[PDB]
Amino acid sequence: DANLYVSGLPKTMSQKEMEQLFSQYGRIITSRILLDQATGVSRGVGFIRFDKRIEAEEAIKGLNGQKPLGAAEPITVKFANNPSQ
């Protein structure tokens, strides 16, 4: 599977806003930003499932930003270990 896990996103991170950012890297399959504050929890992260793992790898490099000790403010699009993989 070629899923993605970009955490440390701003509140302006929209689901489709994340789909156009990774869509330009390669036709994405299913994308969405995990961040809720009413019926779940405020995640702030955003996953991205590319069709091929090479599309999520080459992109994870052209998008990933950085993450200091307080990893949470900056961006970090790293493969999602996925708790069900």
# chains A, B, ... in the order shown; residues from 1 in each chain; ligands from 1
$ residues_around --residues "residue A:10" --least-positions-apart "2" --cutoff "9 Å" --atoms "only C-alpha atoms" --output "list in words"
residues 8, 12, 13, 44, 45, 73, 74 and 75 of chain A
$ residues_around --residues "residue A:80" --least-positions-apart "4" --cutoff "10 Å" --atoms "only C-alpha atoms" --output "list in words"
residues 2, 3, 4, 5, 6, 7, 46, 47, 48, 49 and 85 of chain A
$ atom_distance --atom1 "atom CA of residue A:76" --atom2 "atom CA of residue A:11"
14.8 Å
$ select_by_dssp --residues "chain A" --states "helix (DSSP H, G or I)" --output "NGL selection string"
:A and (15-23 or 53-63)
$ atom_distance --atom1 "atom CA of residue A:26" --atom2 "atom CA of residue A:61"
13.0 Å
$ closest_residue --among "A:57, A:35, A:66, A:43" --to "residue A:22" --atoms "only C-alpha atoms"
A:57
$ atom_distance --atom1 "atom CA of residue A:53" --atom2 "atom CA of residue A:79"
9.5 Å
$ select_by_dssp --residues "chain A" --states "strand (DSSP E or B)" --output "list in words"
residues 5, 6, 7, 28, 29, 30, 31, 32, 33, 34, 45, 46, 47, 48, 49, 50, 76, 77 and 78 of chain A
$ write_last_selection --atoms "N, CA, C and O atoms" --output "mmCIF file, in the first residue's frame"
data_model
loop_
_atom_site.group_PDB
_atom_site.id
_atom_site.type_symbol
_atom_site.label_atom_id
_atom_site.label_comp_id
_atom_site.auth_asym_id
_atom_site.auth_seq_id
_atom_site.Cartn_x
_atom_site.Cartn_y
_atom_site.Cartn_z
ATOM 1 N N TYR A 5 1.505 9.911 5.629
ATOM 2 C CA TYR A 5 1.120 10.477 6.954
ATOM 3 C C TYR A 5 1.840 11.817 7.147
ATOM 4 O O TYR A 5 2.970 11.873 7.586
ATOM 5 N N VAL A 6 1.194 12.899 6.802
ATOM 6 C CA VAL A 6 1.839 14.236 6.948
ATOM 7 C C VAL A 6 1.296 14.932 8.193
ATOM 8 O O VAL A 6 0.194 15.443 8.202
ATOM 9 N N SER A 7 2.062 14.956 9.248
ATOM 10 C CA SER A 7 1.589 15.616 10.495
ATOM 11 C C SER A 7 2.234 16.997 10.622
ATOM 12 O O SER A 7 3.084 17.374 9.836
ATOM 13 N N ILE A 28 -3.444 11.035 -7.240
ATOM 14 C CA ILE A 28 -3.671 10.354 -5.934
ATOM 15 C C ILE A 28 -4.958 9.527 -5.988
ATOM 16 O O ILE A 28 -5.873 9.821 -6.732
ATOM 17 N N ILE A 29 -5.029 8.496 -5.192
ATOM 18 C CA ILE A 29 -6.244 7.639 -5.168
ATOM 19 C C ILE A 29 -7.239 8.209 -4.156
ATOM 20 O O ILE A 29 -8.240 8.797 -4.514
ATOM 21 N N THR A 30 -6.962 8.051 -2.889
ATOM 22 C CA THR A 30 -7.878 8.593 -1.849
ATOM 23 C C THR A 30 -7.072 9.487 -0.907
ATOM 24 O O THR A 30 -6.043 9.094 -0.395
ATOM 25 N N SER A 31 -7.516 10.694 -0.689
ATOM 26 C CA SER A 31 -6.753 11.611 0.205
ATOM 27 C C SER A 31 -7.698 12.292 1.194
ATOM 28 O O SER A 31 -8.900 12.313 1.010
ATOM 29 N N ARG A 32 -7.160 12.854 2.243
ATOM 30 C CA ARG A 32 -8.025 13.542 3.246
ATOM 31 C C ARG A 32 -7.177 14.020 4.430
ATOM 32 O O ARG A 32 -6.151 13.448 4.741
ATOM 33 N N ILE A 33 -7.602 15.063 5.096
ATOM 34 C CA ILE A 33 -6.822 15.568 6.262
ATOM 35 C C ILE A 33 -7.498 15.114 7.557
ATOM 36 O O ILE A 33 -8.645 15.422 7.814
ATOM 37 N N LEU A 34 -6.789 14.395 8.379
ATOM 38 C CA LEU A 34 -7.383 13.934 9.661
ATOM 39 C C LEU A 34 -7.240 15.042 10.707
ATOM 40 O O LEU A 34 -6.175 15.257 11.241
ATOM 41 N N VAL A 45 -3.265 16.073 11.271
ATOM 42 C CA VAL A 45 -2.431 15.335 10.285
ATOM 43 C C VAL A 45 -3.226 15.150 8.995
ATOM 44 O O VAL A 45 -4.405 15.438 8.936
ATOM 45 N N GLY A 46 -2.594 14.674 7.961
ATOM 46 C CA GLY A 46 -3.317 14.472 6.676
ATOM 47 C C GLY A 46 -2.701 13.297 5.924
ATOM 48 O O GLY A 46 -1.540 13.314 5.574
ATOM 49 N N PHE A 47 -3.469 12.275 5.671
ATOM 50 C CA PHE A 47 -2.914 11.108 4.938
ATOM 51 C C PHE A 47 -3.098 11.309 3.439
ATOM 52 O O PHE A 47 -3.889 12.116 2.994
ATOM 53 N N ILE A 48 -2.373 10.560 2.668
ATOM 54 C CA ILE A 48 -2.471 10.657 1.186
ATOM 55 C C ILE A 48 -2.142 9.273 0.613
ATOM 56 O O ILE A 48 -1.064 8.755 0.827
ATOM 57 N N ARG A 49 -3.054 8.652 -0.086
ATOM 58 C CA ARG A 49 -2.755 7.294 -0.622
ATOM 59 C C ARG A 49 -2.459 7.358 -2.122
ATOM 60 O O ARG A 49 -3.353 7.458 -2.936
ATOM 61 N N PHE A 50 -1.210 7.275 -2.493
ATOM 62 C CA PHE A 50 -0.859 7.302 -3.941
ATOM 63 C C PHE A 50 -1.103 5.915 -4.535
ATOM 64 O O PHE A 50 -1.101 4.922 -3.835
ATOM 65 N N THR A 76 5.506 17.369 7.894
ATOM 66 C CA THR A 76 6.317 16.118 7.858
ATOM 67 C C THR A 76 5.533 15.021 7.134
ATOM 68 O O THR A 76 4.891 14.194 7.751
ATOM 69 N N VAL A 77 5.577 15.007 5.829
ATOM 70 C CA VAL A 77 4.830 13.962 5.071
ATOM 71 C C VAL A 77 5.662 12.681 5.005
ATOM 72 O O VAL A 77 6.364 12.432 4.045
ATOM 73 N N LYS A 78 5.582 11.862 6.018
ATOM 74 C CA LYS A 78 6.359 10.593 6.017
ATOM 75 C C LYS A 78 5.395 9.413 5.874
ATOM 76 O O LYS A 78 4.253 9.480 6.284
#
$ closest_residue --among "A:9, A:63, A:21, A:56" --to "residue A:42" --atoms "only C-alpha atoms"
A:9
